[PDB]
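Asks: Protein sequence lines correspond, in order, to chains H and L.
If you count by the deposited numbering, then the first sequence holds residues 1 to 136, 143 to 222, one letter each, in order.
Under the deposited numbering, the first residue of the second sequence is numbered 1, with each subsequent residue one higher.
We treat Cβ as the ideally placed atom computed from N, Cα and C, and that holds for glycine.
My questions will all concern the structure given below.
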Amino acid sequence: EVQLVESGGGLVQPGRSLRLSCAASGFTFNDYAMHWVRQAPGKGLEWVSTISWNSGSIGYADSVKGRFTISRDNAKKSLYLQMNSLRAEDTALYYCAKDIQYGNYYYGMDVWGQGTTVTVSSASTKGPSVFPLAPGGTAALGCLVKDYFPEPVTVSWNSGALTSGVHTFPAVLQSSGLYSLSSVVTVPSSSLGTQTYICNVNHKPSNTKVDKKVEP
Amino acid sequence: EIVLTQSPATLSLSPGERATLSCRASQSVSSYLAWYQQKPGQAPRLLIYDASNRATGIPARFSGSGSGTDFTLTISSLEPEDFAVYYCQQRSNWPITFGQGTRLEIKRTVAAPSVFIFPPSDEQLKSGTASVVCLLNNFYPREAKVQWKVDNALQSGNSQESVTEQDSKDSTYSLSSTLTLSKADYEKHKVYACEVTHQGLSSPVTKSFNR
Ligand SMILES: [Zn+2]
Ligand SMILES: [Zn+2]
Ligand SMILES: [Zn+2]
Numbered sequence: 001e002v003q004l005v006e007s008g009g010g011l012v013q014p015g016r017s018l019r020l021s022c023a024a025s026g027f028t029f030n031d032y033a034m035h036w037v038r039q040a041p042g043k044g045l046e047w048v049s050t051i052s053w054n055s056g057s058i059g060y061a062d063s064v065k066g067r068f069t070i071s072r073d074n075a076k077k078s079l080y081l082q083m084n085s086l087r088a089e090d091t092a093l094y095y096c097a098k099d100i101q102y103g104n105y106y107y108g109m110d111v112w113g114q115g116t117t118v119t120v121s122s123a124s125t126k127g128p129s130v131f132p133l134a135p136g143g144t145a146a147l148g149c150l151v152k153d154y155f156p157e158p159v160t161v162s163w164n165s166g167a168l169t170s171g172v173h174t175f176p177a178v179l180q181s182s183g184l185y186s187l188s189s190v191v192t193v194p195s196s197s198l199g200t201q202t203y204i205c206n207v208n209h210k211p212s213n214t215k216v217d218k219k220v221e222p
Numbered sequence: 001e002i003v004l005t006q007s008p009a010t011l012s013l014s015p016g017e018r019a020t021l022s023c024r025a026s027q028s029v030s031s032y033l034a035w036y037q038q039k040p041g042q043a044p045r046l047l048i049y050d051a052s053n054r055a056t057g058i059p060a061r062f063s064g065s066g067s068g069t070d071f072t073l074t075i076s077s078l079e080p081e082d083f084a085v086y087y088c089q090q091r092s093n094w095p096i097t098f099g100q101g102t103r104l105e106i107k108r109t110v111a112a113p114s115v116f117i118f119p120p121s122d123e124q125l126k127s128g129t130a131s132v133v134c135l136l137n138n139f140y141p142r143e144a145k146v147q148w149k150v151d152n153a154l155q156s157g158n159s160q161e162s163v164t165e166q167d168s169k170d171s172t173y174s175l176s177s178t179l180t181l182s183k184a185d186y187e188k189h190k191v192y193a194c195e196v197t198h199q200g201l202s203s204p205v206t207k208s209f210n211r
C-alpha cells in the first residue's frame, strides 16, 4: 500500500515547540519532493514548507520562516517539521504530501496523509457537560455537548448500533472560548416507550467519556 | 505572492449537468496550475497538474484548460461523487498558493424541513445557563430563516446556528439553532418559539413550548 502517516500534533501554549513526523511506506520516498501543508478548521489549504529529495533545496511559507525547520531521513522514509515559538494562528491540521515532480517541471501533490492536529492556545483543556434534548409519526431527541476545549468531541448513539437519522453538528466556538455541539437523531414516535437511546460522548483531550440516556 | 481567485464560491448542479470552475491568477503562472478535490473529513485529491494533465486514474469527465492567468476545470457530466470542494494551486512562484475554493453542491428538488424545539434540561438550569435548541431536519435548499421569539418578541444577537454537510442519501441539510440566555433571564419569560421560513414552506412554521 502507498501510505503517509503524520504524528506529533498536540495542544501547546504560545511560544512553545512541537516536532511533527511523517512516516512514508509503499513508494520510493527518496525519489520525491516532500511538503508540509496545513489547513485551519473551516478554512482552505496553506503551504508550509518543501524539501527536495536530496535535502539540498528548501522552501518556506512567509509566516513560518525562521521558526519552522523541515528535514527528512530517506533511509527511515520520514519527513519532519520542527515548529518553534508557536502562535495561536499556527493552529491547524498539518498534512505531509508527496509531489509527482521527478526530474521535470510537473507539479502536483498526489499522495497525502490524514493529518495531525496542532492546537496553540493559552486555554486549558476542559471536558464537556452533556445535557439531554428530550423527545417531545416521527420524534427527535439528542444530546447537547457543551463547554469543552479543545476540539474534537465525537458522538455515537447506542454504542454504534444507531446511525440512521443521526446528525452530529459541527461545533461552534462560543464567546467564552469554549466549544459546543448538539447531536440529534429522529425516531418513530411509536418506539419512544420501547426503545432506549443513549448518546456516547468522547473528549479525548480531557479523557472524558459520558453516556447520557435520553428519555421523555 | 501570486493570488488565485476562484469563482464561483458555490455552485449548485444536478448529476449529469456540466460544471465549469474558474481560477484566475494575479500574474502569469504559465502552465503550472494544479486542481484538487477535497471532501469533508478527507485529505485533498490531485485531479489535474500542468493546467491540463489528468492525474493517474482520474475519470475522463475531468478536464482542465488555460494558460497564463485564466484557468478552468470542466466536469462534463456530473456524478454524485463529484460534489465536493475544489481548489486550484499554482507552482510557478514562491510561495506555493491556493485559491480559496469552489464548493460544488447537489441541486435537488425542494424539501421542507420538519421542525423541533427543545427546552433546556433541568440538569443545565442548575449551572445557571439555559440553552434552547431548534432543529430543522432534512431540507433543501440550504437557505433557511430561523428566528427565535420569546414572549412573541423577535430575538437578536443571542443565538448561533450550525448546519450539517449535504446528506449522502437524500442530498438534504439539517440545521441547529441554539438560543443562549442566563437561567435568570430564561425564568422571566413564558413562551419560547422557533419560527422557520423556507422555500418548501407555504407560510412559516412555528414550534413552541411554555416554560
Ligand atoms: Zn435527518
Ligand atoms: Zn505578491
Ligand atoms: Zn459515479
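(1) By DSSP, does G148 (chain H) sit in helix, in strand, or in coil?
(2) Please report how far the alpha carbon of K183 (chain L) lies from the alpha carbon of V150 (chain L), in whole angstroms.
(3) Rounded to the nearest angstrom, how far is the Cβ of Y49 (chain L) from that of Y107 (chain H), given a contact under 8 Å?
(4) At least one CB of chain H closer than 8 Å to the CB of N93 (chain L): is that the case?
(5) Under 8 Å Cβ-Cβ, which residues of chain H neighbour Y186 (chain L)?
(6) Within the continuous beta strand (DSSP E) that includes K149 (chain L), where are the two ends?
(7) For the region 138-188 of chain L, list the alpha helix (DSSP H) runs that are entirely contained and at least 4 residues long, ordered along the chain.
(8) Should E1 (chain L) be listed as close to ligand 2, given that the test is whether its C-beta is under 7 Å from any heavy atom?
(9) Looking only at its chain, what residues have a beta carbon closer than 8 Å to the beta carbon of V220 (chain H), apart from the 5 residues adjacent to it on each side?
(10) Closer than 7 Å to a non-hydrogen atom of ligand 3 - does that hold for the CB of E81 (chain L)?
(11) To the nearest angstrom, how far is it from the Cα of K190 (chain L) to the Cα of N210 (chain L)?
(12) Taking C-beta pairs closer than 9 Å, name the residues in chain L that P176 (chain H) reaches, listed in chain order.
(13) Can you tell me the Cα-Cα spacing of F29 (chain H) and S67 (chain L), whole angstroms?
(14) Secondary structure at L79 (chain H), three-state DSSP: helix, strand or coil?
(15) In the DSSP assignment, find the beta strand (DSSP E) that holds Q13 (chain H) and state where it starts and stops.
(16) I'd like to know whether the C-beta of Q147 (chain L) is nearer than 8 Å to at least one C-beta of chain H.
(17) Leaving out five residues on either side along the sequence, give the residues of the same chain with a beta carbon under 7 Å from the beta carbon of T125 (chain H).
(18) Closer than 9 Å, Cβ to any Cβ of chain H: which residues of the region 71-82 of chain L, in chain order?
(19) Among H:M109, H:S78, H:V191, which one has its Cα closest to the Cα of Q37 (chain L)?
(20) Once the 5 residues before and after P14 (chain H) are set aside, which same chain residues still bring their CB inside 7 Å of it?
(21) With a threshold of 16 other CB atoms inside 10 Å of the CB of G101 (chain L), please say whether the residue is buried or exposed.
(22) Check the Cβ-Cβ distances between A43 (chain L) and every residue of chain H, and say whether any is below 8 Å.
(23) Whole angstroms is fine: what's the gap from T69 (chain L)'s alpha carbon to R54 (chain L)'s?
(24) Sorry if obvious, but does the Cβ on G171 (chain H) come closer than 7 Å to a heavy atom of ligand 4?
(25) Ligand 1 and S174 (chain L): does any heavy atom of the ligand fall closer than 7 Å to the residue's C-beta?
(26) Judging by CA-CA distance, which residue of H:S78, H:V48, H:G199 is the nearest neighbour of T69 (chain H)?
(27) Output, in chain order, the set of chain H residues within a Cβ distance shorter than 7 Å of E123 (chain L).
(28) Helix or strand or just coil, what does DSSP make of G166 (chain H)?
(29) Going by the CB atoms, is the gap between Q199 (chain L) and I106 (chain L) shorter than 8 Å?
(30) Provide the residue span of the beta strand (DSSP E) that contains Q6 (chain L), from first to last.
(31) For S181 (chain H), which option in L:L104, L:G157, L:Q124 has the closest C-alpha, if you only look at C-alpha atoms?
(32) Could you name each continuous beta strand (DSSP E) segment of 3 residues or more that falls completely within the region 41-75 of chain L, going from the start of the chain to the end?
(33) Is the region 23-38 of chain L in contact with the region 82-94 of chain L, if contact means three or more CB pairs nearer than 8 Å?
(34) How many Å lie between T164 (chain L) and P40 (chain L) at the Cα?
(35) Are the C-beta of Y32 (chain L) and some C-beta of chain H separated by less than 8 Å?
Replies: The answer reads as follows:
(1) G148 (chain H) falls in the strand class under three-state DSSP.
(2) Cα-Cα distance, rounded: 14 Å.
(3) Sure, about 6 Å apart at Cβ, within 8 Å.
(4) It does not; no Cβ of chain H falls within 8 Å.
(5) Chain H residues near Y186 (chain L): none, gap ~14 Å exceeds 8 Å.
(6) DSSP places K149 (chain L) in the uninterrupted beta strand (DSSP E) bounded by 145-150.
(7) As for any alpha helix (DSSP H) of minimum length 4 sitting wholly inside the region 138-188 of chain L, the runs are 183-186, ordered along the chain.
(8) Yes - ligand 2 has a heavy atom lying nearer than 7 Å to the Cβ of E1 (chain L).
(9) Around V220 (chain H), the same chain offers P132, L133, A134, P135, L147, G148, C149, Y203, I204, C205 as residues with beta carbons nearer than 8 Å, after the five sequence neighbours per side are excluded.
(10) The answer is yes for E81 (chain L).
(11) Each residue's alpha carbon lies about 6 Å from the other.
(12) Ordered by position in chain L, the residues that pass the 9 Å Cβ test against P176 (chain H) are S162, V163, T164, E165.
(13) Using only the alpha carbons, I get a separation of about 31 Å.
(14) Strand.
(15) Looking at the DSSP string, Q13 (chain H) is not in any beta strand (DSSP E), and its letter there is neither H nor E.
(16) No, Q147 (chain L) lies away from the interface with chain H (no Cβ there is under 8 Å from its Cβ).
(17) For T125 (chain H), where only same-chain residues beyond five positions count, the Cβ hits under 7 Å are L11, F155, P156, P211, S212.
(18) If the cut-off is 9 Å between Cβ atoms, the region 71-82 of chain L has nothing near chain H.
(19) Of the listed residues, the one whose Cα sits closest to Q37 (chain L) is H:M109.
(20) Within the same chain, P14 (chain H) has close Cβ partners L86, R87, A88, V120, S122.
(21) With 16 or more Cβ atoms within 10 Å of its Cβ, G101 (chain L) is classed as buried.
(22) Yes, because at least one Cβ of chain H sits closer than 8 Å to the Cβ of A43 (chain L).
(23) Computed Cα separation, rounded: 20 Å.
(24) In the structure shown, ligand 4 is absent; the only ligands present are ligand 1, ligand 2 and ligand 3.
(25) Answer for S174 (chain L): yes, Cβ within range of ligand 1.
(26) When each option's Cα is compared against that of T69 (chain H), the closest is H:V48.
(27) Residues of chain H with a Cβ closer than 7 Å to the Cβ of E123 (chain L) are, in chain order, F131.
(28) Note: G166 (chain H) maps to helix in three-state DSSP.
(29) No. Outside cutoff.
(30) Unbroken beta strand (DSSP E) run through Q6 (chain L): 4-7.
(31) Checking every option, the nearest Cα to that of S181 (chain H) belongs to L:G157.
(32) If we require 3 residues or more, the beta strand (DSSP E) runs fully inside the region 41-75 of chain L come out as 45-49, 62-67, 70-75.
(33) Under the Cβ criterion (8 Å, minimum of three pairs), the region 23-38 of chain L counts as touching the region 82-94 of chain L.
(34) When rounded, the distance between both Cα atoms is 11 Å.
(35) Closer than 8 Å: yes.
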